[PDB]
Amino acid sequence: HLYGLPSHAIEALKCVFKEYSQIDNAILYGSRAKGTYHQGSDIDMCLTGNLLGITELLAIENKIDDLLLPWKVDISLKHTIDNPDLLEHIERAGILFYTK
Amino acid sequence: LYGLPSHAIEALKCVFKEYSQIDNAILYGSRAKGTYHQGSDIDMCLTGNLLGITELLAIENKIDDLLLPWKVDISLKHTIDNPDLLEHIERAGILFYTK
Numbered sequence: 007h008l009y010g011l012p013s014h015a016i017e018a019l020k021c022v023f024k025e026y027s028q029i030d031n032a033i034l035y036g037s038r039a040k041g042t043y044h045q046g047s048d049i050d051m052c053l054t055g056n057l058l059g060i061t062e063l064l065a066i067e068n069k070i071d072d073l074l075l076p077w078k079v080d081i082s083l084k085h086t087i088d089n090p091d092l093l094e095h096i097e098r099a100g101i102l103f104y105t106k
Numbered sequence: 008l009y010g011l012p013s014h015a016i017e018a019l020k021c022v023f024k025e026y027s028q029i030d031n032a033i034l035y036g037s038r039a040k041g042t043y044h045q046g047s048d049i050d051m052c053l054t055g056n057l058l059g060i061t062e063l064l065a066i067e068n069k070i071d072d073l074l075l076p077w078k079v080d081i082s083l084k085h086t087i088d089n090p091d092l093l094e095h096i097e098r099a100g101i102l103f104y105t106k
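Chains as they are written, first to last, in the authors' numbering: chain B, 7 to 106; chain A, 8 to 106.
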């Protein structure tokens, strides 16, 4: 179980990212990337793409929600992050989840 | 749907989306009827005229990478030589994926 998640859940999440060409990269961070996760741990993803806007963000969130995954998926936009502590962790401990 | 979780349905649809030769994906068998249970197999017939053995093998391998609990049987419509099977696919088949 990569990041503790089954392979089909990873491919489904990756599949929604493929639907949007604006996503250059998808970065996994938090407990799943650290290895300090549990079964109830959330899935923290950070998408990189300057063309990404609020209309896209809500569209990915809606499609991921329709997946009905047991774990919560918090999706973020890198160019939107205002927290320097959050950014430092993403750039230091981030894992390459998906490439365009 | 069909006693399947949503993320598994999309994951299977994901593989089908990756191949332009696939026109439709028809789900038959225990699923699409009431007989299926937990652990029943996934019977899928693909429609296309560009599809052949090399694609077929590749799609099955890509779904093997999914590591699904249920066994997935993939068939090509233009290769079904059992008329009773083909009649049932037209009779009770439910459209799983469309271009």
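Positions of the beta carbon are idealized from the N, C-alpha and C atoms, including for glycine.
Across which residues does DSSP place A/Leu-102 in a beta bridge pair? By DSSP's assignment, A/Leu-102 forms a beta bridge with A/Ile-33.
State the start and end residues of the unbroken beta strand (DSSP E) segment that holds A/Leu-83. Start and end: 79-83.
Test: B/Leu-34 CB closer than 7 Å to a CB of chain A: Against chain A, the CB of B/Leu-34 has no partner CB under 7 Å away; the residue lies outside that interface.
According to the Cβ coordinates, are A/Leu-53 and A/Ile-29 closer than 7 Å? Cβ atoms of A/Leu-53 and A/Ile-29: closer than 7 Å.
B/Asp-72 touches chain A at which residues, Cβ-Cβ below 7 Å? Those are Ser-13, listed as they occur along chain A.
Opposite A/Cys-52 in the DSSP bridges: which residues? The bridge partners DSSP lists for A/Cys-52 are A/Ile-33, A/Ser-82.
Starting from the Cα of A/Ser-82, find the closest Cα among A/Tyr-35, A/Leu-74, A/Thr-105 and give me that residue. Nearest of A/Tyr-35, A/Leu-74, A/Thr-105 to A/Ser-82, Cα basis: A/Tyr-35.
Can you grab the Cα-Cα spacing for the pair A/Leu-58 / A/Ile-16, in whole Å? Inter-residue distance for A/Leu-58 and A/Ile-16 is about 22 Å (C-alpha atoms, whole angstroms).
List the residues of chain A whose Cβ lies closer than 9 Å to the Cβ of B/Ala-65, in chain order. Here the premise fails: no neighbours, minimum Cβ distance about 15 Å.
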